[PDB]
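*Asks:* Quick one: the structure is below, and I'll ask about it shortly.
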Amino acid sequence: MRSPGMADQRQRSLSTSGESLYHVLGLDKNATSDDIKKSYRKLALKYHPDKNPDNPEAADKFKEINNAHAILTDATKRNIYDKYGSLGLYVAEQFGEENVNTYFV
């Protein structure tokens with residue numbers, strides 16, 4: 001059931017489900033709002049900005065935690081994430097889901 005101390009094996013590419021947000025929180029697509037929120041908190045302080053060196057990796061982490069926190073439990077951010085994800089997701093975050101239509105058609 002996933003023992004702490006996990007190391008990425010050679011089969012890293014197949015171990016990854018292809019989904020990003022879910023896995024930043026250490027959960028799969030089988031999580032519910034409850035799992036997503038708590039995993040946010042648990043990681044949010046762990047990767048809290050002050051815990052970060054010059055490498056923005058941990059900032060990228062906090063970003064994806066804080067992002068997934070909304071995305072997976074949000075019907076829309078999850079919607080376009082599965083639909084297209086590349087543009088619609090990023091733009092809904094920066095511009096706003098209803099707003100994106102400005103950058104879209």
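Chain identifiers are assigned as A, B, and so on, following the order in which chains appear in the structure tokens; residues are numbered from 1 within each chain, and ligands are numbered from 1 in order of appearance.
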Using only C-alpha atoms, which residues sit within 12 Å of segment 57-70 of chain A once same-chain residues fewer than 4 positions away are excluded, as a PyMOL selection string?

*Replies:* chain A and resi 19-29+31-53+74-79+81+89-90+92-94

*Asks:* Pull C-alpha atoms from the residues just selected and write them as a PDB file, in the first residue's frame.

*Replies:*
ATOM      1  CA  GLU A  19      -1.581  12.791 -14.861  1.00  0.00           C
ATOM      2  CA  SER A  20       0.219  15.597 -13.096  1.00  0.00           C
ATOM      3  CA  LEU A  21      -1.966  17.391 -10.518  1.00  0.00           C
ATOM      4  CA  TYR A  22      -3.165  14.227  -8.788  1.00  0.00           C
ATOM      5  CA  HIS A  23       0.356  12.888  -8.350  1.00  0.00           C
ATOM      6  CA  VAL A  24       1.804  16.139  -6.980  1.00  0.00           C
ATOM      7  CA  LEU A  25      -0.467  15.423  -4.052  1.00  0.00           C
ATOM      8  CA  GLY A  26       0.617  11.804  -3.960  1.00  0.00           C
ATOM      9  CA  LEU A  27      -2.841  10.598  -4.915  1.00  0.00           C
ATOM     10  CA  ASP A  28      -4.353   9.136  -8.064  1.00  0.00           C
ATOM     11  CA  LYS A  29      -7.490   9.936 -10.033  1.00  0.00           C
ATOM     12  CA  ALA A  31      -9.118  10.573  -4.831  1.00  0.00           C
ATOM     13  CA  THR A  32     -12.088  12.630  -3.745  1.00  0.00           C
ATOM     14  CA  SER A  33     -12.305  16.290  -2.674  1.00  0.00           C
ATOM     15  CA  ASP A  34     -11.405  15.123   0.827  1.00  0.00           C
ATOM     16  CA  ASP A  35      -8.158  13.484  -0.315  1.00  0.00           C
ATOM     17  CA  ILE A  36      -7.164  16.378  -2.524  1.00  0.00           C
ATOM     18  CA  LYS A  37      -7.673  19.061   0.149  1.00  0.00           C
ATOM     19  CA  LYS A  38      -5.814  17.215   2.914  1.00  0.00           C
ATOM     20  CA  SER A  39      -2.941  16.217   0.636  1.00  0.00           C
ATOM     21  CA  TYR A  40      -2.738  19.892  -0.271  1.00  0.00           C
ATOM     22  CA  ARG A  41      -2.231  20.918   3.348  1.00  0.00           C
ATOM     23  CA  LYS A  42       0.169  18.064   4.131  1.00  0.00           C
ATOM     24  CA  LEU A  43       2.431  19.092   1.264  1.00  0.00           C
ATOM     25  CA  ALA A  44       1.719  22.841   1.252  1.00  0.00           C
ATOM     26  CA  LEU A  45       3.733  23.481   4.417  1.00  0.00           C
ATOM     27  CA  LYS A  46       6.292  20.807   3.506  1.00  0.00           C
ATOM     28  CA  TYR A  47       6.977  22.793   0.337  1.00  0.00           C
ATOM     29  CA  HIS A  48       6.146  26.158   1.874  1.00  0.00           C
ATOM     30  CA  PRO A  49       8.101  28.971   0.102  1.00  0.00           C
ATOM     31  CA  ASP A  50      10.516  29.457   3.014  1.00  0.00           C
ATOM     32  CA  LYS A  51      11.582  25.823   2.730  1.00  0.00           C
ATOM     33  CA  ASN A  52      12.893  26.560  -0.731  1.00  0.00           C
ATOM     34  CA  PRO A  53      16.461  27.030  -1.966  1.00  0.00           C
ATOM     35  CA  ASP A  74     -13.022  21.705  -9.348  1.00  0.00           C
ATOM     36  CA  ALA A  75     -15.407  20.516 -12.036  1.00  0.00           C
ATOM     37  CA  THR A  76     -14.099  22.950 -14.642  1.00  0.00           C
ATOM     38  CA  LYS A  77     -10.343  22.867 -14.000  1.00  0.00           C
ATOM     39  CA  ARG A  78     -10.662  19.104 -13.975  1.00  0.00           C
ATOM     40  CA  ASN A  79     -12.907  19.244 -17.013  1.00  0.00           C
ATOM     41  CA  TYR A  81      -7.616  19.186 -17.770  1.00  0.00           C
ATOM     42  CA  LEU A  89      -6.155  24.638 -17.954  1.00  0.00           C
ATOM     43  CA  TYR A  90      -3.228  27.059 -17.716  1.00  0.00           C
ATOM     44  CA  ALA A  92      -8.194  29.242 -16.658  1.00  0.00           C
ATOM     45  CA  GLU A  93      -5.694  29.529 -13.830  1.00  0.00           C
ATOM     46  CA  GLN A  94      -4.044  32.755 -14.972  1.00  0.00           C
TER      47      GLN A  94
END

*Asks:* Quick one: residues within 12 Å of residue 101 of chain A, only C-alpha atoms, excluding same-chain residues fewer than 6 positions away - as a short mmCIF file (atom, residue, chain, number, x, y, z; two decimals) with C-alpha atoms, in the first residue's frame?

*Replies:*
data_model
loop_
_atom_site.label_atom_id
_atom_site.label_comp_id
_atom_site.auth_asym_id
_atom_site.auth_seq_id
_atom_site.Cartn_x
_atom_site.Cartn_y
_atom_site.Cartn_z
CA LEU A 87 -4.00 25.61 -22.95
CA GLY A 88 -7.46 25.72 -21.35
CA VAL A 91 -5.30 29.97 -19.03
CA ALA A 92 -8.19 29.24 -16.66
CA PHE A 95 -7.02 34.39 -16.66
#

*Asks:* Using DSSP assignments from the backbone, pull out every residue in segment 13-72 of chain A that falls under alpha helix (DSSP H) and give it to me as a ChimeraX atom specification.

*Replies:* /A:13-15,21-24,33-46,57-71

*Asks:* I'd like the interatomic distance between atom CA of residue 11 of chain A and atom CA of residue 82 of chain A, to a tenth of an Å.

*Replies:*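 Interatomic distance here is 24.0 Å.
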
*Asks:* Between atom CA of residue 72 of chain A and atom CA of residue 99 of chain A, measure the distance and give it in Å to one decimal.

*Replies:*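 One can read the atom CA of residue 72 of chain A to atom CA of residue 99 of chain A distance as 19.6 Å.
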